[PDB]
$ cat final_5.cif   # mmCIF, C-alpha atoms
data_coords
loop_
_atom_site.label_atom_id
_atom_site.label_comp_id
_atom_site.auth_asym_id
_atom_site.auth_seq_id
_atom_site.Cartn_x
_atom_site.Cartn_y
_atom_site.Cartn_z
CA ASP A 1181 0.00 0.00 0.00
CA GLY A 1182 2.95 2.31 -0.67
CA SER A 1183 3.75 2.56 3.04
CA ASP A 1184 2.68 1.12 6.40
CA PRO A 1185 1.64 -2.42 5.38
CA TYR A 1186 -1.17 -4.18 7.22
CA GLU A 1187 0.30 -7.38 8.69
CA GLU A 1188 -2.80 -9.43 9.48
CA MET A 1189 -2.93 -13.08 10.52
CA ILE A 1190 -5.66 -15.64 9.85
CA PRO A 1191 -5.86 -18.95 11.79
CA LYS A 1192 -6.31 -20.71 8.37
CA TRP A 1193 -9.67 -22.11 9.59
CA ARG A 1194 -11.20 -19.27 7.48
CA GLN A 1195 -10.92 -19.19 3.64
CA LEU A 1196 -9.62 -16.03 1.85
CA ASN A 1197 -12.33 -14.40 -0.36
CA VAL A 1198 -9.76 -12.73 -2.70
CA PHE A 1199 -6.59 -14.26 -4.19
CA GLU A 1200 -5.18 -11.53 -6.44
CA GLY A 1201 -4.27 -7.98 -5.47
CA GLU A 1202 -7.32 -6.53 -7.26
CA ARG A 1203 -6.48 -3.10 -5.77
CA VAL A 1204 -8.41 -3.92 -2.62
CA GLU A 1205 -9.96 -0.81 -1.09
CA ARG A 1206 -10.59 -0.06 2.58
CA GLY A 1207 -13.43 -2.09 4.06
CA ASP A 1208 -13.41 -4.71 1.30
CA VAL A 1209 -14.32 -8.26 2.30
CA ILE A 1210 -11.03 -10.16 2.53
CA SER A 1211 -12.82 -13.19 4.01
CA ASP A 1212 -16.57 -13.85 4.07
CA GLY A 1213 -18.78 -13.90 7.14
CA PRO A 1214 -21.07 -11.74 9.29
CA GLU A 1215 -19.15 -8.54 9.98
CA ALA A 1216 -19.16 -6.89 13.39
CA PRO A 1217 -20.53 -3.32 13.60
CA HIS A 1218 -17.28 -2.21 15.26
CA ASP A 1219 -15.32 -2.97 12.06
CA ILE A 1220 -18.03 -1.41 9.79
CA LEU A 1221 -17.78 2.11 11.31
CA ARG A 1222 -13.99 1.64 11.82
CA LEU A 1223 -13.39 0.85 8.11
CA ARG A 1224 -16.50 2.57 6.59
CA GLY A 1225 -17.99 5.33 8.80
CA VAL A 1226 -20.83 6.40 11.16
CA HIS A 1227 -23.47 6.48 8.36
CA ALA A 1228 -22.35 3.00 7.19
CA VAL A 1229 -22.83 1.63 10.72
CA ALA B 945 -31.63 -23.66 -3.88
CA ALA B 946 -29.03 -25.61 -5.85
CA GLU B 947 -30.19 -23.87 -9.04
CA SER B 948 -27.76 -21.14 -10.09
CA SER B 949 -30.13 -19.65 -12.67
CA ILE B 950 -31.34 -16.10 -12.00
CA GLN B 951 -34.95 -15.41 -12.97
CA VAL B 952 -36.20 -11.97 -13.98
CA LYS B 953 -39.75 -10.90 -13.16
CA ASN B 954 -40.20 -8.11 -15.72
CA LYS B 955 -38.62 -6.95 -18.97
CA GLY B 956 -36.05 -4.52 -17.57
CA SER B 957 -32.64 -3.95 -19.15
CA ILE B 958 -29.82 -5.27 -16.98
CA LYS B 959 -27.44 -2.69 -15.49
CA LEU B 960 -24.23 -4.44 -14.42
CA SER B 961 -22.21 -2.12 -12.17
CA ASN B 962 -18.87 -2.59 -10.40
CA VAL B 963 -17.64 -5.25 -12.83
CA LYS B 964 -14.44 -6.09 -14.70
CA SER B 965 -14.60 -6.98 -18.40
CA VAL B 966 -12.49 -10.04 -19.26
CA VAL B 967 -12.60 -11.72 -22.66
CA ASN B 968 -13.73 -15.34 -22.40
CA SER B 969 -13.63 -18.24 -24.87
CA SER B 970 -16.93 -16.97 -26.32
CA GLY B 971 -18.69 -13.65 -26.91
CA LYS B 972 -19.69 -13.50 -23.24
CA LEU B 973 -17.49 -11.96 -20.54
CA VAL B 974 -16.42 -13.23 -17.11
CA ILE B 975 -16.26 -10.89 -14.11
CA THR B 976 -13.17 -11.13 -11.91
CA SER B 977 -14.42 -8.70 -9.23
CA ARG B 978 -15.83 -10.16 -6.01
CA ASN B 979 -18.26 -7.26 -5.49
CA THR B 980 -20.77 -6.91 -8.32
CA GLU B 981 -24.17 -5.25 -8.70
CA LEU B 982 -27.09 -5.92 -11.03
CA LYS B 983 -30.02 -3.61 -11.75
CA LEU B 984 -33.13 -3.43 -13.94
CA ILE B 985 -33.88 -0.33 -16.02
CA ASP B 986 -37.08 -0.66 -18.07
CA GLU B 987 -38.65 2.77 -18.65
CA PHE B 988 -37.14 5.03 -15.95
CA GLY B 989 -34.13 5.19 -13.56
CA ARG B 990 -35.80 2.92 -10.95
CA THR B 991 -34.18 -0.57 -10.69
CA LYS B 992 -36.74 -3.45 -10.68
CA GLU B 993 -34.24 -6.12 -9.46
CA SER B 994 -30.79 -6.32 -7.77
CA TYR B 995 -29.80 -9.90 -6.80
CA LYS B 996 -26.07 -10.66 -6.61
CA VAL B 997 -23.29 -12.01 -8.81
CA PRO B 998 -20.23 -13.85 -7.45
CA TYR B 999 -16.79 -13.90 -9.04
CA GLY B 1000 -16.19 -16.04 -12.10
CA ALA B 1001 -19.72 -15.57 -13.43
CA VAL B 1002 -20.73 -15.60 -17.10
CA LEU B 1003 -23.53 -13.26 -18.16
CA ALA B 1004 -26.09 -14.71 -20.56
CA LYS B 1005 -26.98 -11.27 -21.97
CA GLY B 1006 -24.70 -8.27 -22.29
CA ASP B 1007 -25.00 -5.15 -20.18
CA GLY B 1008 -27.60 -2.68 -21.42
CA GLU B 1009 -29.57 -5.31 -23.34
CA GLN B 1010 -33.34 -5.15 -22.81
CA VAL B 1011 -33.95 -8.69 -21.59
CA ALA B 1012 -37.54 -9.80 -22.24
CA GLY B 1013 -37.83 -11.16 -18.70
CA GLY B 1014 -38.38 -14.65 -17.39
CA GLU B 1015 -35.00 -15.76 -18.74
CA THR B 1016 -31.56 -16.21 -17.20
CA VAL B 1017 -29.30 -13.17 -17.50
CA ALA B 1018 -26.14 -14.56 -15.85
CA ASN B 1019 -24.97 -18.11 -15.17
CA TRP B 1020 -22.21 -19.34 -12.87
CA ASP B 1021 -21.23 -22.41 -10.90
CA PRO B 1022 -23.23 -22.50 -7.62
CA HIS B 1023 -20.44 -24.52 -5.95
CA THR B 1024 -17.12 -23.12 -7.21
CA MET B 1025 -15.67 -19.82 -8.40
CA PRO B 1026 -13.56 -20.45 -11.53
CA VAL B 1027 -10.08 -18.96 -11.87
CA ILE B 1028 -9.62 -17.05 -15.12
CA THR B 1029 -6.34 -17.41 -17.01
CA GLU B 1030 -4.89 -14.01 -17.90
CA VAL B 1031 -2.62 -15.47 -20.62
CA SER B 1032 -4.01 -17.64 -23.41
CA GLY B 1033 -1.91 -20.64 -24.41
CA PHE B 1034 -0.36 -23.78 -22.99
CA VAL B 1035 -0.65 -24.34 -19.24
CA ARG B 1036 2.77 -24.29 -17.56
CA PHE B 1037 2.95 -26.77 -14.67
CA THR B 1038 6.01 -26.45 -12.43
CA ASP B 1039 7.26 -29.11 -9.98
CA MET B 1040 4.70 -31.79 -10.86
CA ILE B 1041 5.31 -34.70 -8.47
CA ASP B 1042 3.55 -37.99 -9.22
CA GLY B 1043 2.38 -40.19 -6.35
CA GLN B 1044 2.28 -37.38 -3.76
CA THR B 1045 0.76 -34.34 -5.51
CA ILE B 1046 -1.16 -36.40 -8.10
CA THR B 1047 -4.57 -37.97 -7.43
CA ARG B 1048 -6.17 -39.91 -10.27
CA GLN B 1049 -9.93 -39.45 -10.54
CA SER B 1057 -6.33 -35.76 -17.56
CA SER B 1058 -7.98 -34.67 -14.30
CA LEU B 1059 -5.17 -34.63 -11.73
CA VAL B 1060 -4.75 -32.68 -8.50
CA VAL B 1061 -2.04 -30.02 -8.44
CA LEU B 1062 -0.56 -30.19 -4.94
CA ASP B 1063 -1.41 -30.47 -1.24
CA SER B 1064 -0.05 -27.92 1.23
CA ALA B 1065 -0.40 -30.32 4.17
CA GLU B 1066 1.40 -33.11 2.30
CA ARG B 1067 4.21 -30.76 1.23
CA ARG B 1075 2.32 -24.67 -4.35
CA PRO B 1076 4.57 -23.62 -7.25
CA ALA B 1077 3.48 -20.52 -9.16
CA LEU B 1078 3.94 -20.11 -12.91
CA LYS B 1079 2.47 -18.07 -15.75
CA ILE B 1080 0.49 -19.50 -18.65
CA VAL B 1081 2.70 -20.14 -21.68
CA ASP B 1082 2.11 -18.06 -24.80
CA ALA B 1083 2.17 -20.92 -27.33
CA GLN B 1084 4.10 -23.95 -26.04
CA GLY B 1085 6.49 -22.78 -23.33
CA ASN B 1086 7.10 -19.06 -23.78
CA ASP B 1087 7.17 -16.85 -20.68
CA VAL B 1088 4.60 -14.06 -20.45
CA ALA B 1097 0.96 -13.98 -13.93
CA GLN B 1098 1.11 -16.08 -10.75
CA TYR B 1099 -0.91 -19.28 -10.38
CA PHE B 1100 -1.70 -20.14 -6.75
CA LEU B 1101 -2.82 -23.64 -5.76
CA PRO B 1102 -4.60 -23.80 -2.38
CA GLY B 1103 -5.58 -27.00 -0.60
CA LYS B 1104 -7.34 -29.63 -2.75
CA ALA B 1105 -6.93 -27.43 -5.85
CA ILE B 1106 -6.95 -29.57 -9.00
CA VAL B 1107 -6.17 -28.62 -12.61
CA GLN B 1108 -7.54 -30.98 -15.26
CA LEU B 1109 -5.60 -29.26 -18.08
CA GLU B 1110 -2.24 -30.88 -18.76
CA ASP B 1111 0.80 -29.06 -20.10
CA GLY B 1112 0.55 -28.06 -23.75
CA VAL B 1113 -3.26 -27.96 -23.74
CA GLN B 1114 -3.13 -24.50 -25.39
CA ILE B 1115 -6.15 -23.25 -23.44
CA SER B 1116 -7.65 -19.91 -24.42
CA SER B 1117 -8.20 -16.95 -22.12
CA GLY B 1118 -11.30 -16.88 -19.95
CA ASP B 1119 -11.45 -20.68 -19.60
CA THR B 1120 -11.20 -22.72 -16.41
CA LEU B 1121 -11.21 -26.35 -15.31
CA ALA B 1122 -12.85 -27.78 -12.20
CA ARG B 1123 -11.17 -26.38 -9.09
CA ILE B 1124 -12.44 -28.95 -6.53
CA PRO B 1125 -12.80 -26.69 -3.46
CA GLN B 1126 -11.40 -28.08 -0.22
#

$ encode --input "final_5.cif" --output "C-alpha cells"
Amino acid sequence: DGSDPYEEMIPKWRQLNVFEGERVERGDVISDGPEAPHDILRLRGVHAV
Amino acid sequence: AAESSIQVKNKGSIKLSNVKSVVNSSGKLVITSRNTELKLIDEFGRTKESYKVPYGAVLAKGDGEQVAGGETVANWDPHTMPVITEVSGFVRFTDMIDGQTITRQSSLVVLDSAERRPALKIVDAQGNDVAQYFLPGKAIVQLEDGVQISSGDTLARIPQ
C-alpha cells in the first residue's frame, strides 16, 4: 500500500475471499462472514454503521 | 436452492455495475471482481431487481440489453468460483510430483499444502514466458501441459 503495510494473521480455519491484489480498497471483504458493527464504522464510517 | 439460474420478473434492461470486463472463450465476458451489482432499467431510472453475482460468473446477456424477462441473464457455478487465465496458451505446470501431488480421478490434482504450491504463468504458445498461479488445498487442474487453453477458460477447481 505504498507505506505502512497491514500485517494481518488468519488462523487458516477461514478461507480467503480474494486471491489476487485486485487493488483492494478499505473495508473490502477479505474473508466472508457476518461482519461486526465495530469494524463497519472503523473501516467505513458512522453512516455506514 | 441448488439452481444457479437467476430469474427476472419483468422486462427490464440489466445494469451491471462494479464489474471487470475479461474476454472469455466466447462472446460473453467473465467478471473477476468479487463485489458486483445488477439492476433493472425498463422505462425510468428505478431498478426493478438487484440480486447478486459472485466472481467467475458468465452473463447470458450483455449489459444494457433489454432482456424480455423470465430468462436467465447470468450463469455461474453454484459450488465453485472459476479462476480465469490471464494469458491464453499452454498451461505451464512447475514441480509436478507424481504419487504425492497427483490424485487420479487428464484430471489430476495439483498439490497439497499439508502433504508438502509452485506458481507459474500460462505459456504463450508452447512454453514461452509471459501472472502467478496459486494452488490452495485440494486445488486440481484438469488441463495438462501443452493444452493451449484460451483466455477466460477454467477447469474444475475442486474446493477443499

$ atom_distance --input "final_5.cif" --atom1 "CA of residue 1080 in chain B" --atom2 "CA of residue 1103 in chain B"
20.5 Å

$ closest_atom_pairs --input "final_5.cif" --of "chain B" --to "chain A" --cutoff "9 Å" --atoms "all atoms listed in the file" --output "JSON lines"
{"residue": "B:976", "atom": "CA", "partner": "A:1202", "partner_atom": "CA", "distance": 8.8}
{"residue": "B:977", "atom": "CA", "partner": "A:1202", "partner_atom": "CA", "distance": 7.7}
{"residue": "B:978", "atom": "CA", "partner": "A:1198", "partner_atom": "CA", "distance": 7.4}
{"residue": "B:979", "atom": "CA", "partner": "A:1208", "partner_atom": "CA", "distance": 8.7}
{"residue": "B:1098", "atom": "CA", "partner": "A:1200", "partner_atom": "CA", "distance": 8.9}
{"residue": "B:1100", "atom": "CA", "partner": "A:1199", "partner_atom": "CA", "distance": 8.1}

$ closest_residue --input "final_5.cif" --among "A:1211, A:1221, A:1216, A:1226" --to "residue 1193 in chain A" --atoms "only C-alpha atoms"
A:1211

$ resolve_selection --input "final_5.cif" --expression "the PyMOL selection byres ((chain B and resi 1021) around 12)" --output "ChimeraX atom specification"
/B:946-950,997-1003,1018-1020,1022-1027,1120-1124

$ axis_aligned_box --input "final_5.cif" --around "range 1189-1193 of chain A" --padding-each-side "4 Å" --output "lines of an AutoDock Vina configuration file"
center_x = -6.3
center_y = -17.6
center_z = 10.1
size_x = 14.7
size_y = 17.0
size_z = 11.4

$ resolve_selection --input "final_5.cif" --expression "the PyMOL selection byres ((chain A and resi 1207) around 8)" --output "PDB file with C-alpha atoms, in the frame of the given file"
ATOM      1  CA  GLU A1205      -9.960  -0.810  -1.090  1.00  0.00           C
ATOM      2  CA  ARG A1206     -10.590  -0.060   2.580  1.00  0.00           C
ATOM      3  CA  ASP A1208     -13.410  -4.710   1.300  1.00  0.00           C
ATOM      4  CA  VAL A1209     -14.320  -8.260   2.300  1.00  0.00           C
ATOM      5  CA  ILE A1220     -18.030  -1.410   9.790  1.00  0.00           C
ATOM      6  CA  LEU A1223     -13.390   0.850   8.110  1.00  0.00           C
ATOM      7  CA  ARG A1224     -16.500   2.570   6.590  1.00  0.00           C
TER       8      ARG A1224
END

$ atom_distance --input "final_5.cif" --atom1 "CA of residue 967 in chain B" --atom2 "CA of residue 1114 in chain B"
16.1 Å

$ atom_distance --input "final_5.cif" --atom1 "CA of residue 1112 in chain B" --atom2 "CA of residue 1029 in chain B"
14.4 Å

$ closest_residue --input "final_5.cif" --among "B:956, B:1111, B:1012, B:989" --to "residue 1040 in chain B" --atoms "only C-alpha atoms"
B:1111

$ resolve_selection --input "final_5.cif" --expression "the PyMOL selection byres ((chain B and resi 1044-1046) around 10)" --output "ChimeraX atom specification"
/B:1039-1043,1047-1049,1058-1064,1066-1067,1075,1104,1106

$ residues_around --input "final_5.cif" --residues "residue 991 in chain B" --least-positions-apart "3" --cutoff "10 Å" --atoms "only C-alpha atoms" --output "count of residues only"
12
